[PDB]
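A.B. asks: Here you go, one structure.
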Amino acid sequence: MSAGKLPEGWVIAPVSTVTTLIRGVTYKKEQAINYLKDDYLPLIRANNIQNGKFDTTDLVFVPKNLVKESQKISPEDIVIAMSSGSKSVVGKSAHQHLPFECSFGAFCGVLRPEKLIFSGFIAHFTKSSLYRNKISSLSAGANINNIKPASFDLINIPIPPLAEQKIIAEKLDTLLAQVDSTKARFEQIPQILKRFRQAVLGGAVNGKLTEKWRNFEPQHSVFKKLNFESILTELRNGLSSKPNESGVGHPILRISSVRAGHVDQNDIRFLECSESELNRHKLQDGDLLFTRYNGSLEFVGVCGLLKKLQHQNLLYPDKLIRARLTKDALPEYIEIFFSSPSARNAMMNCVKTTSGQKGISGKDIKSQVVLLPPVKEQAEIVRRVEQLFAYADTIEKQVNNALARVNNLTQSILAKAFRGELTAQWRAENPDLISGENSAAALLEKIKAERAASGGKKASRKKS
Amino acid sequence: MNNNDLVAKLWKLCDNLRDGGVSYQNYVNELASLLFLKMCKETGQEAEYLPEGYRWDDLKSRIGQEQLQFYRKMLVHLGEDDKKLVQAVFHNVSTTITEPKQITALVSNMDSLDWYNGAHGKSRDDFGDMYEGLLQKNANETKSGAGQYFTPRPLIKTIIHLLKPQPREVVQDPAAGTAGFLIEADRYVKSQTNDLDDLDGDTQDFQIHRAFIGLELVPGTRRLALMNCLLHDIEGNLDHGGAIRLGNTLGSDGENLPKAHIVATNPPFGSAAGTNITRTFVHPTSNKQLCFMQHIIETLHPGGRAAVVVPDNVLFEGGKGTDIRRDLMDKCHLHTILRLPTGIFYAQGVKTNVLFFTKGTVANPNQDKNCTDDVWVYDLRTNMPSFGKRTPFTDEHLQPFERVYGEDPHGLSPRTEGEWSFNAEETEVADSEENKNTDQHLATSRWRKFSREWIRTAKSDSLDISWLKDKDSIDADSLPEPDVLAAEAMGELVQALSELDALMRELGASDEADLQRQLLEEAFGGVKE
Amino acid sequence: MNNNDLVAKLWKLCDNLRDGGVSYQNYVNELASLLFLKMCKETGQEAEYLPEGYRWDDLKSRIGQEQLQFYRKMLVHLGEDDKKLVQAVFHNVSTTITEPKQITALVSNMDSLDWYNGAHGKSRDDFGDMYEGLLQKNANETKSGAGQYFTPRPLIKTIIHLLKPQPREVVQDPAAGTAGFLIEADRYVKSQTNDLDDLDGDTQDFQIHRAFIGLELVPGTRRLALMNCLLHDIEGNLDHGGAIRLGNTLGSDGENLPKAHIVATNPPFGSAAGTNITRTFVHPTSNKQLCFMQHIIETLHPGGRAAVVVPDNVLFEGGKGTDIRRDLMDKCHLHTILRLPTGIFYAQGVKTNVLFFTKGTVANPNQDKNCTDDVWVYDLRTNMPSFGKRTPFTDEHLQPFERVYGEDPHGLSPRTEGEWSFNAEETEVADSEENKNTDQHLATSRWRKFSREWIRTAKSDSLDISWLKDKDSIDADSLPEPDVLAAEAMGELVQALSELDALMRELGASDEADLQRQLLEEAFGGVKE
DNA sequence: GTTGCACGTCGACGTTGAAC
DNA sequence: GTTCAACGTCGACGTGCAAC
Ligand SMILES: C[S@@+](CC[C@H](N)C(=O)[O-])C[C@H]1O[C@@H](n2cnc3c(N)ncnc32)[C@H](O)[C@@H]1O
Ligand SMILES: C[S@@+](CC[C@H](N)C(=O)[O-])C[C@H]1O[C@@H](n2cnc3c(N)ncnc32)[C@H](O)[C@@H]1O
């Protein structure tokens with residue numbers, strides 16, 4: 001019992017004792033040209049570690065500069081950490097394959113002694129949450145929003161035998177690879193979805209098509225403007241001072257709500273008295289939603305659709321804009337159309353980022369180009385699109401559990417990798433013992449019992 | 001303080017100042033002077049208050065540069081004269097206003113202004129109150145930079161409340177600023193005294209003149225503070241000009257300042273304003289804040305007490321900071337530390353704390369060393385609602401802390417650990433010496449105590465102490481008591497649970513607590529082996 | 001107009017000003033006055049320049065408030081007097097410095113200062129240049145807010161370059177500010193003239209006094225500008241105090257201002273400083289910027305020319321903005337528009353443009369309407385390197401624009417579309433009316449022209465014209481000419497390609513251009529059907 | 001009813017060089 | 001050599017009410 005339950009084999013030692021050298025680095029006089037000019041040796045900054053493994057160096061740092069600067073040359077296969085940039089306390093780590101390099105103050109190099117400790121072992125060890133928890137003890141820190149190297153040295157870590165450290169690290173590495181694989185498939189699916197978006201809207205299901213004002217389109221479809229089909233409304237906000245308005249019972253939907261997504265309800269609402277005096281616009285369900293301020297990434301548009309049973313209705317602020325479909329239209333179909341990037345391209349070209357920005361004019365929206373498919377066809381298209389999105393969500397979940405699995409393994413391995421039993425393989429004459437799924441477990445159990453019994457001979461075996 | 005319609009009214013006037021060249025920080029100072037002159041006229045008594053030739057009409061009538069120059073001239077004339085009462089207000093006073101057009105507009109605007117925020121009788125107090133409130137807004141504003149002075153109102157209330165200043169006691173504020181603390185302290189005393197009615201006349205005079213003292217480096221700030229006290233009826237010393245003296249704490253003025261029974265102050269953070277540290281200290285340091293701390297220790301009388309708002313900076317800082325801290329614990333008895341939440345101050349990033357300690361010890365007021373045995377800490381900061389305009393910081397937040405704090409001003413009152421407010425239980429716990437060998441329930445508590453030896457050994461004499469972790473996660477909570485005790489242990493024990501679940505599924509055991517315990521009995525023991 | 005060691009030296013002095021209460025914006029003004037007095041003494045001739053009783057020694061010797069008050073007095077005395085030469089500099093001058101300690105420190109500091117940035121002979125010019133450079137830094141600084149005045153140096157150079165001001169021509173700057181444009185214009189003229197040596201004495205006098213004129217609302221700013229011109233040897237009119245007059249453009253002063261052949265100015269963005277629009281215009285508007293535009297049109301002589309920096313706001317804004325915009329095209333011949341990149345100005349968010357137009361037309365200088373037939377636009381903004389301290393904005397960036405612009409100041413020179421600088425080709429093309437019926441190559445070009453009728457119809461008289469997208473993507477580029485022509489068409493045509501690839505794989509066709517063309521011939525035609 | 005911003009205000013990641 | 005910040009640098013996401 002110490003930092004945590006620790007096995008017989010292991011000892012608890014500080015990193016300082018285990019590590020040959022721990023030191024920071026510094027920054028050179030930027031003003032002088034000569035220091036940077038024509039330089040051979042690599043220079044590293046905080047950003048470097050963050051981006052992947054440290055293969056490359058963004059900046060270059062001359063040795064003349066080196067002499068003058070505290071910055072030093074670090075050995076290869078060296079662990080590194082970042083003082084700043086964390087959830088107050090955490091810390092970062094990295095390894096450097098490339099030849100000896102230098103860094104700055106935030107970075108702290110650490111060298112492990114030969115065969116004393118593995119670089120790989122330590123790297124995972126620090127990564128562990130237990131490691132984080134230990135550090136979190138200091139707190140956000142008072143006057144320090146960084147990790148002090150001195151504090152770093154203080155850290156105590158358990159030490160495995162050399163053999164196990166290699167084996168243990170190997171196991172962890174493998175998991176990391178697996179997560180990456182899932183990620184790849186995930187990325188691909190939106191690409192596929194993207195293609196559908198373009199093809200379906202423009203192409204439609206037909207086969208006979210003709211030239212159109214708005215690109216090549218099917219013969220059956222017809223063209224119309226937004227204004228024809230829908231109506232646009234503008235809206236105003238009340239005065240905060242009057243508390244009377246503060247009473248409520250009727251919803252008001254701001255852009256922030258829009259950001260949230262589909263919107264049945266809103267965080268803030270306004271009173272009927274407000275609607276009467278203010279003369280706000282009331283909205284029925286199934287109505288379209290659009291975002292007038294914020295813009296988005298510059299001049300772009302956002303959409304949403306209201307929901308209601310006979311029971312409720314919604315009103316919104318100035319920031320949001322509304323549109324109503326007269327007789328014939330499928331709200332879901334239209335909404336997807338707006339979000340389509342094709343619209344984005346049309347819109348952006350028409351207006352580049354200008355002073356009027358982070359917002360859309362009413363004129364722009366009304367003038368917008370749109371196709372008019374048949375009702376039945378529209379419904380069919382809409383259903384298809386919505387379905388695809390669901391798939392993306394499921395994959396994300398799968399990744400999450402996998403991460404959880406690692407967490408569990410790492411925890412067990414921390415305690416167990418720490419026991420001598422881990423270095424040693426289970427006693428078995430034949431490899432077949434392990435081979436069976438069940439058989440391997442059984443063998444483990446037998447070994448454990450036998451070993452314990454033998455250990456019983458001396459207290460020291462268990463005790464030490 | 002309070003403000004409403006009047007502050008809005010005052011705010012509009014500031015627009016002229018803004019356009020004038022006056023800084024946001026100096027809006028109040030500019031307004032205050034003009035209002036004072038205006039009010040004097042309104043009194044009708046102004047001949048008594050102001051000198052002839054320099055009055056509201058004189059300034060009012062003038063226009064343009066001619067007016068602006070007159071204003072400057074008037075300021076100088078007022079500041080220097082035997083009539084220290086008025087002169088103090090005017091001492092080191094000057095207008096920031098460059099644009100002549102602005103001044104004319106401003107004077108006329110306020111001139112036409114009403115008693116609008118007033119009451120039966122002249123509400124001179126209302127103006128001052130509104131003035132402070134407006135000042136508060138500026139203090140709140142980031143752009144102004146006025147915020148350096150800014151302190152939370154509830155914070156001040158609580159500090160004085162804990163201190164419980166009594167009459168005949170001298171309260172000092174090295175960084176008086178607006179004299180927020182002094183006014184609060186005065187208010188506290190009066191509330192007890194029935195407005196000093198309870199006290200005899202001699203004592204009453206003491207409170208009015210002698211009881212409170214303050215020092216302000218900036219003349220501009222001092223003016224504001226003086227006016228504040230004036231409306232507050234805190235006359236102070238005429239020789240000095242009033243309650244708030246003008247001078248450098250770090251300089252000769254600071255040492256010259258009198259000793260005080262109680263000290264409540266919020267010193268400036270950062271390098272601070274132009275304040276050269278001409279004065280020597282036990283441990284010389286570049287740290288301005290550290291310098292103040294040494295000053296506070298010095299001024300306090302034996303057995304004195306004080307609360308100091310300090311940046312988190314002071315708590316751990318190595319080098320001299322360590323030495324000074326050690327000095328503090330030796331000379332003073334530092335009983336309590338309060339860790340403030342963030343977003344409260346005008347500045348966002350800053351972490352702050354409040355220190356509570358006594359000069360020496362109650363038993364031995366002249367105890368040079370080993371004064372501080374145990375320290376209590378309250379974690380108000382972690383896992384807290386983000387404060388802001390939307391989420392205000394109020395007195396209620398503070399109430400739990402004060403309760404545990406104890407009525408005794410010295411902090412002597414009985415204390416026990418065990419505070420779980422603000423969803424303390426829900427918050428995550430850190431792994432370490434802090435929560436080492438700590439039980440599950442205790443680890444969660446915001447209120448905890450630490451030994452001096454522990455701080456020395458584990459902390460290495462670092463005040464920066466904390467157990468908790470800022471997160472938000474959900475996990476079933478079934479653990480053994482010893483498991484919870486060791487924060488680090490949890491990871492290992494948890495791993496065992498994962499496997500157990502799989503076995504249970506095959507068994508088809510029902511979901512019951514007893515079943516879980518039975519399984520845990522065997523499984524748990526195995527891990528120990 | 002450069003700075004180095006001296007500017008750093010000056011910068012240090014500002015620290016006193018900072019601590020003093022002086023704003024960042026007013027550092028230069030404060031320094032400039034003191035330096036002027038100091039320099040006068042250095043001349044040894046000061047008796048000639050300054051009045052007795054008010055000199056460097058008088059100020060220098062004094063200390064504290066006594067000194068500060070002396071300073072204010074001195075400023076007033078200098079500003080008002082028959083000696084307009086000196087008085088102009090001092091006109092409407094006042095010091096922002098509140099803290100008396102700061103003033104003493106500051107005076108002494110500079111007093112001990114060397115000619116450090118100097119040369120053989122007194123380098124009065126060096127100080128002024130360093131002064132401007134330091135001012136530039138403040139202008140660059142966001143916190144100061146000085147940046148409102150700030151304009152890119154290369155931008156000014158280019159503007160004057162295109163304008164090609166000649167001698168005997170009157171150049172005006174409604175928003176003179178520091179008089180950056182005027183100095184540049186003067187420099188341009190001299191460079192041509194051999195420092196006016198080429199010109200006769202009469203003309204020379206004209207250039208010195210009459211040639212350039214400017215107006216500044218803020219007295220503080222005006223002082224700086226005056227000093228700038230003074231070192232620049234631009235005397236201007238003594239009655240007015242010099243080249244830069246003090247007054248409101250939007251007010252009576254603006255109308256009083258003389259007509260000018262050429263106008264180059266960067267008016268303030270936003271609501272602007274306290275400037276009431278007392279003056280009537282053809283189309284009254286709250287828009288300050290729009291107001292300036294009307295002024296510029298008015299002052300220009302028939303056949304006059306001007307370039308104005310304006311925000312995007314002006315281009316698109318409806319309401320009166322449309323009316324004014326229409327008015328501009330009718331009265332003036334707006335040939336060119338330059339879309340500036342972002343990050344160049346002190347303010348980050350702002351989008352700016354440069355308008356080029358002539359009063360009426362060359363053929364008919366007094367042409368009331370239908371002046372503007374065609375407009376050329378240059379998209380310097382999209383797909384551009386982010387500028388910043390790290391990535392400076394230089395003259396080189398501008399060079400391509402000027403080339404296409406044409407030597408003719410009127411903009412009459414021959415022009416053709418077809419500019420692909422700054423990776424124009426790589427930039428993404430967007431789908432809209434501007435790139436409607438546009439070929440692939442043309443769409444990419446930064447330099448394009450638009451018809452008046454088109455602007456009227458499609459744009460609905462909106463200047464905000466823009467063809468390109470800001471993105472970064474990679475896609476194979478094999479398309480038919482008609483496909484590329486229609487931006488919108490691309491999506492549809494591209495879809496066809498996807499299927500084609502699959503078929504090709506089965507065929508096992510080799511990867512050759514000819515093969516692709518053959519397949520495209522049949523496939524492409526099908527889509528058309 | 002509704003329009004406009006040298007915009008007004010709010011999270012994410014790490015200072016860098018003067019100081020000793 | 002290296003230490004420290006009522007933090008310094010890069011964004012992120014939308015004004016809201018006075019004005020007409
Ligand atoms: C945070 S403010 C105090 C606010 C005060 N608690 C209140 O109620 O408004 C810190 C003050 O310290 C002052 N100060 C800074 N350096 C000083 C010095 N060397 N001597 C005296 N006062 C100083 C500042 O001018 C500032 O007003
Ligand atoms: C962007 S600055 C001009 C900078 C100038 N191009 C330079 O070289 O430094 C705009 C100027 O307009 C001035 N200004 C604002 N309102 C004005 C008004 N109503 N009349 C005259 N000048 C005004 C400001 O004081 C400011 O100096």
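Chain lettering (A, B, ...) mirrors the order of the structure tokens, residue numbering begins at 1 for each chain separately, and ligand numbering begins at 1 in order of display.
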List all protein, DNA and RNA residues that have at least one atom no more than 6 Å from any atom of ligand 1, counting only C-alpha atoms (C1' of nucleotides) and all ligand atoms, and write them as number ranges by chain.
C.D. replies: B: 148-151, 174-181, 215-218, 248-250, 265-268, 272-273, 275
A.B. asks: Would you put the residues from that selection into a file with N, CA and C atoms, as a compact mmCIF listing (two decimals), in the first residue's frame?
C.D. replies:
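Here's the written file out03.txt:
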# COMPACT_ATOMS: atom_id res chain seq x y z
N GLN B 148 -9.33 47.03 -11.83
CA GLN B 148 -8.26 46.65 -10.95
C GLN B 148 -8.70 46.96 -9.55
N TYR B 149 -9.32 48.13 -9.36
CA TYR B 149 -9.79 48.53 -8.07
C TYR B 149 -10.93 47.67 -7.62
N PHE B 150 -11.79 47.24 -8.57
CA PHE B 150 -13.03 46.53 -8.36
C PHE B 150 -12.91 45.32 -7.48
N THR B 151 -13.91 45.15 -6.58
CA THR B 151 -13.99 44.03 -5.69
C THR B 151 -15.44 43.65 -5.59
N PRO B 174 -4.44 49.63 3.28
CA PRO B 174 -3.29 50.09 2.56
C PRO B 174 -3.66 50.43 1.16
N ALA B 175 -4.49 49.59 0.52
CA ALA B 175 -4.93 49.96 -0.80
C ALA B 175 -6.36 50.34 -0.62
N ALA B 176 -6.59 51.62 -0.25
CA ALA B 176 -7.92 52.07 0.02
C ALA B 176 -8.72 52.08 -1.24
N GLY B 177 -8.15 52.62 -2.33
CA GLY B 177 -8.91 52.73 -3.54
C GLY B 177 -10.05 53.66 -3.25
N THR B 178 -11.28 53.21 -3.57
CA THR B 178 -12.49 53.96 -3.35
C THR B 178 -12.84 53.94 -1.90
N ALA B 179 -12.13 53.14 -1.08
CA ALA B 179 -12.46 53.00 0.31
C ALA B 179 -13.70 52.19 0.46
N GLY B 180 -13.82 51.11 -0.34
CA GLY B 180 -14.94 50.23 -0.24
C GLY B 180 -14.97 49.54 1.09
N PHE B 181 -13.82 49.00 1.55
CA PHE B 181 -13.78 48.27 2.79
C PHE B 181 -14.07 49.18 3.94
N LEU B 215 -5.04 54.63 2.47
CA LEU B 215 -4.00 55.30 1.74
C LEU B 215 -4.19 55.00 0.28
N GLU B 216 -4.07 56.03 -0.58
CA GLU B 216 -4.24 55.80 -2.00
C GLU B 216 -3.13 56.47 -2.74
N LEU B 217 -2.48 55.71 -3.66
CA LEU B 217 -1.41 56.23 -4.47
C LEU B 217 -1.93 57.23 -5.45
N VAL B 218 -2.99 56.86 -6.21
CA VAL B 218 -3.45 57.74 -7.24
C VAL B 218 -4.25 58.82 -6.61
N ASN B 248 2.19 56.65 -1.00
CA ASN B 248 2.59 55.35 -1.46
C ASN B 248 2.73 54.47 -0.27
N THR B 249 2.08 53.29 -0.31
CA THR B 249 2.17 52.35 0.77
C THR B 249 3.57 51.81 0.81
N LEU B 250 4.11 51.45 -0.36
CA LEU B 250 5.40 50.86 -0.51
C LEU B 250 6.48 51.84 -0.17
N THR B 265 -8.04 44.50 3.12
CA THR B 265 -7.70 45.19 1.92
C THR B 265 -7.58 44.23 0.79
N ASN B 266 -7.71 44.77 -0.44
CA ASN B 266 -7.51 44.01 -1.64
C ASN B 266 -6.46 44.78 -2.38
N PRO B 267 -5.25 44.29 -2.35
CA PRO B 267 -4.18 44.97 -3.02
C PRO B 267 -4.26 44.73 -4.49
N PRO B 268 -3.58 45.53 -5.26
CA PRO B 268 -3.61 45.38 -6.69
C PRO B 268 -2.85 44.16 -7.11
N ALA B 272 1.28 46.23 -10.85
CA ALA B 272 0.64 47.32 -10.16
C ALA B 272 0.95 48.59 -10.88
N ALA B 273 0.38 49.70 -10.38
CA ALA B 273 0.57 51.01 -10.93
C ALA B 273 1.93 51.47 -10.54
N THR B 275 4.40 52.27 -8.62
CA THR B 275 4.66 52.32 -7.22
C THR B 275 6.02 51.75 -7.01
A.B. asks: If you count only C-alpha atoms (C1' of nucleotides), which residues fall within 12 Å of residue 15 (chain E), apart from same-chain ones fewer than 6 positions away, as a PDB file with N, CA, C and O atoms (P, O5', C5', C4', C3', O3' and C1' of nucleotides), in the first residue's frame?
C.D. replies:
ATOM      1  N   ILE A 255     -31.564  32.279 -32.261  1.00  0.00           N
ATOM      2  CA  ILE A 255     -30.634  31.603 -33.118  1.00  0.00           C
ATOM      3  C   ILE A 255     -29.916  30.553 -32.339  1.00  0.00           C
ATOM      4  O   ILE A 255     -29.637  29.475 -32.863  1.00  0.00           O
ATOM      5  N   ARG A 292     -31.160  34.687 -39.642  1.00  0.00           N
ATOM      6  CA  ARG A 292     -30.837  35.993 -40.151  1.00  0.00           C
ATOM      7  C   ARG A 292     -29.481  36.453 -39.706  1.00  0.00           C
ATOM      8  O   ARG A 292     -28.732  37.030 -40.492  1.00  0.00           O
ATOM      9  N   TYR A 293     -28.900  36.569 -38.130  1.00  0.00           N
ATOM     10  CA  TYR A 293     -27.613  37.050 -37.658  1.00  0.00           C
ATOM     11  C   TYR A 293     -26.653  35.933 -37.412  1.00  0.00           C
ATOM     12  O   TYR A 293     -26.961  34.785 -37.705  1.00  0.00           O
ATOM     13  N   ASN A 294     -25.466  36.307 -36.889  1.00  0.00           N
ATOM     14  CA  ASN A 294     -24.392  35.326 -36.737  1.00  0.00           C
ATOM     15  C   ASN A 294     -23.788  35.071 -38.089  1.00  0.00           C
ATOM     16  O   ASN A 294     -22.572  35.053 -38.223  1.00  0.00           O
ATOM     17  N   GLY A 295     -24.651  34.842 -39.097  1.00  0.00           N
ATOM     18  CA  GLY A 295     -24.161  34.383 -40.379  1.00  0.00           C
ATOM     19  C   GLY A 295     -23.901  32.920 -40.208  1.00  0.00           C
ATOM     20  O   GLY A 295     -24.842  32.153 -40.091  1.00  0.00           O
ATOM     21  N   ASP A 318     -35.834  38.723 -33.667  1.00  0.00           N
ATOM     22  CA  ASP A 318     -35.479  39.400 -34.888  1.00  0.00           C
ATOM     23  C   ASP A 318     -34.463  38.585 -35.622  1.00  0.00           C
ATOM     24  O   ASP A 318     -34.498  38.487 -36.849  1.00  0.00           O
ATOM     25  N   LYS A 319     -33.540  37.962 -34.874  1.00  0.00           N
ATOM     26  CA  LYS A 319     -32.415  37.278 -35.435  1.00  0.00           C
ATOM     27  C   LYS A 319     -32.870  36.176 -36.337  1.00  0.00           C
ATOM     28  O   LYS A 319     -32.181  35.838 -37.296  1.00  0.00           O
ATOM     29  N   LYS A 358     -22.188  37.874 -41.993  1.00  0.00           N
ATOM     30  CA  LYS A 358     -22.670  37.236 -40.808  1.00  0.00           C
ATOM     31  C   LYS A 358     -24.138  37.492 -40.729  1.00  0.00           C
ATOM     32  O   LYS A 358     -24.685  37.713 -39.649  1.00  0.00           O
ATOM     33  N   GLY A 359     -24.819  37.464 -41.891  1.00  0.00           N
ATOM     34  CA  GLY A 359     -26.235  37.681 -41.899  1.00  0.00           C
ATOM     35  C   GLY A 359     -26.700  37.570 -43.315  1.00  0.00           C
ATOM     36  O   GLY A 359     -25.907  37.664 -44.250  1.00  0.00           O
TER      37      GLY A 359
ATOM     38  P    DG D   4     -29.975  47.339 -43.846  1.00  0.00           P
ATOM     39  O5'  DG D   4     -28.883  47.736 -42.744  1.00  0.00           O
ATOM     40  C5'  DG D   4     -28.363  49.057 -42.539  1.00  0.00           C
ATOM     41  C4'  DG D   4     -27.488  49.048 -41.271  1.00  0.00           C
ATOM     42  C3'  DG D   4     -26.269  48.128 -41.465  1.00  0.00           C
ATOM     43  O3'  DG D   4     -25.093  48.922 -41.655  1.00  0.00           O
ATOM     44  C1'  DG D   4     -27.386  47.783 -39.321  1.00  0.00           C
ATOM     45  P    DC D   5     -23.593  48.248 -41.965  1.00  0.00           P
ATOM     46  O5'  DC D   5     -22.737  48.290 -40.615  1.00  0.00           O
ATOM     47  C5'  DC D   5     -22.233  49.494 -40.022  1.00  0.00           C
ATOM     48  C4'  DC D   5     -21.789  49.198 -38.576  1.00  0.00           C
ATOM     49  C3'  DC D   5     -20.597  48.219 -38.584  1.00  0.00           C
ATOM     50  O3'  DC D   5     -19.651  48.610 -37.586  1.00  0.00           O
ATOM     51  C1'  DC D   5     -22.447  47.307 -37.358  1.00  0.00           C
ATOM     52  P    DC D   7     -13.911  47.924 -35.101  1.00  0.00           P
ATOM     53  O5'  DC D   7     -15.465  47.878 -34.718  1.00  0.00           O
ATOM     54  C5'  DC D   7     -16.395  47.108 -35.491  1.00  0.00           C
ATOM     55  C4'  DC D   7     -17.827  47.447 -35.032  1.00  0.00           C
ATOM     56  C3'  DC D   7     -18.003  46.992 -33.574  1.00  0.00           C
ATOM     57  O3'  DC D   7     -19.062  47.749 -32.980  1.00  0.00           O
ATOM     58  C1'  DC D   7     -19.160  45.517 -35.085  1.00  0.00           C
ATOM     59  P    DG D   8     -18.963  48.217 -31.366  1.00  0.00           P
ATOM     60  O5'  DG D   8     -19.516  47.042 -30.428  1.00  0.00           O
ATOM     61  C5'  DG D   8     -20.889  46.916 -30.044  1.00  0.00           C
ATOM     62  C4'  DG D   8     -21.088  45.569 -29.323  1.00  0.00           C
ATOM     63  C3'  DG D   8     -20.204  45.486 -28.062  1.00  0.00           C
ATOM     64  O3'  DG D   8     -21.041  45.268 -26.920  1.00  0.00           O
ATOM     65  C1'  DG D   8     -20.039  43.513 -29.431  1.00  0.00           C
ATOM     66  P    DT D   9     -20.474  45.016 -25.501  1.00  0.00           P
ATOM     67  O5'  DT D   9     -20.121  43.458 -25.400  1.00  0.00           O
ATOM     68  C5'  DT D   9     -21.171  42.486 -25.370  1.00  0.00           C
ATOM     69  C4'  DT D   9     -20.635  41.075 -25.680  1.00  0.00           C
ATOM     70  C3'  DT D   9     -19.725  40.508 -24.570  1.00  0.00           C
ATOM     71  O3'  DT D   9     -20.464  39.539 -23.815  1.00  0.00           O
ATOM     72  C1'  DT D   9     -19.054  39.876 -26.805  1.00  0.00           C
ATOM     73  P    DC D  10     -19.825  38.683 -22.598  1.00  0.00           P
ATOM     74  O5'  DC D  10     -19.415  37.237 -23.154  1.00  0.00           O
ATOM     75  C5'  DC D  10     -20.359  36.218 -23.505  1.00  0.00           C
ATOM     76  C4'  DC D  10     -19.663  35.158 -24.382  1.00  0.00           C
ATOM     77  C3'  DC D  10     -18.612  34.367 -23.578  1.00  0.00           C
ATOM     78  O3'  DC D  10     -19.023  32.998 -23.467  1.00  0.00           O
ATOM     79  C1'  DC D  10     -17.791  35.086 -25.747  1.00  0.00           C
TER      80       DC D  10
END
A.B. asks: When you look at region 15-18 of chain D with a cut-off of 9 Å (counting only C-alpha atoms (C1' of nucleotides)), what residues show up, excluding the ones that are within fewer than 2 positions of it in the same chain? I need them as a PyMOL selection string.
C.D. replies: (chain A and resi 26-30+84+105) or (chain E and resi 5+7-9)
A.B. asks: Can you tell me which residues surround region 137-149 of chain A at a distance of at most 8 Å, considering only C-alpha atoms (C1' of nucleotides), apart from same-chain residues fewer than 3 positions away, and format the answer as an NGL selection string?
C.D. replies: (:A and (22-24 or 82-86 or 88-91 or 108 or 133-134 or 152-153)) or (:B and (311-317 or 351-352 or 430-435 or 464-469)) or (:E and (5))
A.B. asks: Using DSSP secondary structure from the backbone, list all alpha helix (DSSP H) positions within region 336-495 of chain C, as a PyMOL selection string.
C.D. replies: chain C and resi 395-405+440-444+452-454+481-485+489-495
A.B. asks: For chain E, report every residue with an atom at most 12 Å from chain A (counting only C-alpha atoms (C1' of nucleotides)), formatted as a ChimeraX atom specification.
C.D. replies: /E:1-7,12-18
A.B. asks: Residues of region 162-263 of chain B classed as strand (DSSP E or B) by DSSP on the backbone are to be reported as a list in words.
C.D. replies: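 The strand (DSSP E or B) residues within region 162-263 of chain B come out as residues 171, 172, 173, 212, 213, 214, 215, 216, 237, 242, 244, 245, 246, 260, 261, 262 and 263 of chain B.
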A.B. asks: Restricting it to C-alpha atoms, dump the selection as a short mmCIF file (atom, residue, chain, number, x, y, z; two decimals), in the first residue's frame.
C.D. replies:
data_model
loop_
_atom_site.label_atom_id
_atom_site.label_comp_id
_atom_site.auth_asym_id
_atom_site.auth_seq_id
_atom_site.Cartn_x
_atom_site.Cartn_y
_atom_site.Cartn_z
CA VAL B 171 -9.20 49.80 10.65
CA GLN B 172 -6.64 50.32 7.95
CA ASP B 173 -6.64 49.84 4.23
CA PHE B 212 -10.84 54.42 9.81
CA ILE B 213 -7.76 55.20 7.77
CA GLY B 214 -6.75 54.52 4.19
CA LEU B 215 -4.00 55.30 1.74
CA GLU B 216 -4.24 55.80 -2.00
CA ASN B 237 -8.20 63.71 9.74
CA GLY B 242 -9.66 63.21 5.45
CA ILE B 244 -8.00 58.54 2.90
CA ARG B 245 -4.46 59.80 2.79
CA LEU B 246 -2.57 60.33 -0.41
CA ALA B 260 -3.94 49.26 13.12
CA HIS B 261 -5.97 46.71 15.02
CA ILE B 262 -7.72 45.40 11.95
CA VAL B 263 -6.78 45.37 8.32
#
